[PDB]
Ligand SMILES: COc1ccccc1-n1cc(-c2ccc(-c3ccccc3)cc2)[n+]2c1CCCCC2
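The chain below stands alone and is given in C-alpha cells; this is the form solved without this ligand.
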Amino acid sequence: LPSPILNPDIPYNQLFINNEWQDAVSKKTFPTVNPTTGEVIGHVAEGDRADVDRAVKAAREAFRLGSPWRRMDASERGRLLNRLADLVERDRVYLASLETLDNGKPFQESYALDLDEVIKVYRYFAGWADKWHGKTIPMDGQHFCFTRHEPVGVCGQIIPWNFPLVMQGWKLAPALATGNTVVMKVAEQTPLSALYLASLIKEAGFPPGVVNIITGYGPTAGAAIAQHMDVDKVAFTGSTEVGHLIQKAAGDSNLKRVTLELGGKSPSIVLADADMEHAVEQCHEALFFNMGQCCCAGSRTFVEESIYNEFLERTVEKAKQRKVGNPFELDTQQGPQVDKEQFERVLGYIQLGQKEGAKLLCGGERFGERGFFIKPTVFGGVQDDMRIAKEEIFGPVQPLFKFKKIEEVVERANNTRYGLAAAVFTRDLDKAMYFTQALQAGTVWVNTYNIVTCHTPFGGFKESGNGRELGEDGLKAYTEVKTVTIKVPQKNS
C-alpha cells in the first residue's frame, strides 16, 4: 500500500534502437492522452517502415553468429533477465504510477497485481534460460542423433494497450531467455511505460540491438514488422481481426513463424450447487477487472435456472457498489476506458443491447463529466443471437444468461469463433471434470477466474489464437529445432 507519484518526470519519449534514443527518420511525433483528465500528457516519436528497417538491422547484427549475445552463456542471459527484474522492483512505484497515468487503471492494480506479474515473468524465464534442453535420440542405424534448441532469430513483437508492461514481459522474457533478438512495437496508446523499461534493459547490461523498441501506429510500424523479409518470427497480441492480417503478411512476405494471442468472449458458468456468494464475487471480478479491458474477461455469465434471480440481484448490487473514480486514489476499483474511441465504442454497445431487447439493470451511461469513465453496466434476459452476446465489448458491461441443462450450456458456451478461456463454479467433482474436457478453451478455471501466472500456458482455441505463451510451453515459439544425425563406427546401447 505505498504512495503513488501523482505526476512524474517522463524523460523517455523516443525510439530505442541499438541501445540509444533517437527520433523517427521523419522527425514526427504523436500525442498520448491521460484518460482520467482527458488531456494530452506529452508527445512520443511516431515510427514507420524506415525506423523498423533500422531496428531490424540492429537486431540482426546482435544475432550474428559470433555476436556477444550469441557467444555468451545461457546462464548469463538469465542473470541479465534477473538484473532487469531487480531494477523493475527498484523503480516499482514510478512504473506503476506511469502505467496508471497512461492507461487509466487503478494504482492498487498497477502496483499490486500488474507490476508484481512483471517482476515474476522476468524472474521465471531467467531461470528457464539454461534449462531448455534438446534430446539425444536412439534412432535406427549406425548413428548418433541429437537435437539442438536454437533461437528462431529476429523476433518481431506487437502488443496491445490493456496491460502495457505485463504484455511486454510476456513477449521479451521468453524470447530473451531462448537467446533471440527483438524488434517490439508497443501500442499507440500507452507507449511511455515500455520506454522507461527499455532504459532499464540498457542499465542491466543487455548488448546493443538485442532489444529494440518502437512507438508508432499499427497499420504503419506494425505492418512493417509483420511484412519484413528479414524478420524470422512475429508474435502478435491483439484483436482477432488484426490477427488475420498478421498471418497473411507472414505468408505474403517470408513465411516467418507466427503466434497469435487474440480476442475472447469467454463464458463464466455457474451451476446450482455452486457457492453463491463466491460465484457472484468471482463472476463480477471476471468481467469488471481492468474495467472490462481484459482478453479473457468473463463477458458471458451463464447461470443455472433455479439460482438465476438470486444470482442476478446480487450481481447488480455488486456493480452498484463498485467504486468508480480517479485511479491514483487508492480504493478506486474502476478507472476510465483507455481513450476516446474505446469510450464511445463501449457506449455504442450499451445502446445496442437496449435496442435488441435486453433489460438494462444498472448503470448504462457515462460516469461524471471529465475523462472516459463509464458506470458499471449489467444486462439481463440476454439471448445468444444478440450482438452484445456475440461481439467482444471490451468494457464494463456484464450480460447475464439463463440455462437449464448441462449439455445445453456447453453447446452455447462453445458456439463462437472465440476460445481463449472459460470457467465453472460448482462443488461437484464429476461436473468439474466434465467441463474441463468439454469446454473449447485454452484456459479453463474451476471456482476462480483470471488466474494466469508465468507458469501457466495461455492462448486460444479457434480464432482466439495460434500457439501458447508463458510456462515451459511458451518457449517452443521462440525455438527452432535442429536435428543433428552423425554416422558412427559402431553403435551400442
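Note that residue numbering begins at 1 and tracks the sequence as displayed.
Missing here is the form solved in complex with this ligand; even so, the following discussion is about that form.
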| item | value |
| --- | --- |
| Per-stretch contact check against this ligand in the entry with it bound, the hit in 173-181, 111-119, 368-376, 351-359 (non-hydrogen atom, 4.5 angstroms) | 111-119 |
| Heavy atom of residue 451 within 4.5 Å of this ligand in the entry with it bound | yes |
| Residue 91 within 4.5 Å of this ligand in the entry with it bound, heavy atoms | no |
| Contact label in the entry with it bound: residue 87 to this ligand, heavy atom within 4.5 Å | no |
| Residue 414: touches this ligand in the entry with it bound, heavy atom cutoff 4.5 angstroms | no |
| 126, 166, 346, 389 - the one with a heavy atom within 4.5 Å of this ligand in the entry with it bound | 166 |
| Selected contact from 270, 198, 296, 409, since only one has a non-hydrogen atom within 4.5 angstroms of this ligand in the entry with it bound | 296 |
| Heavy atom within 4.5 Å of this ligand in the entry with it bound - qualifying residues of 278-303 | 281, 282, 285, 289, 294, 296 |
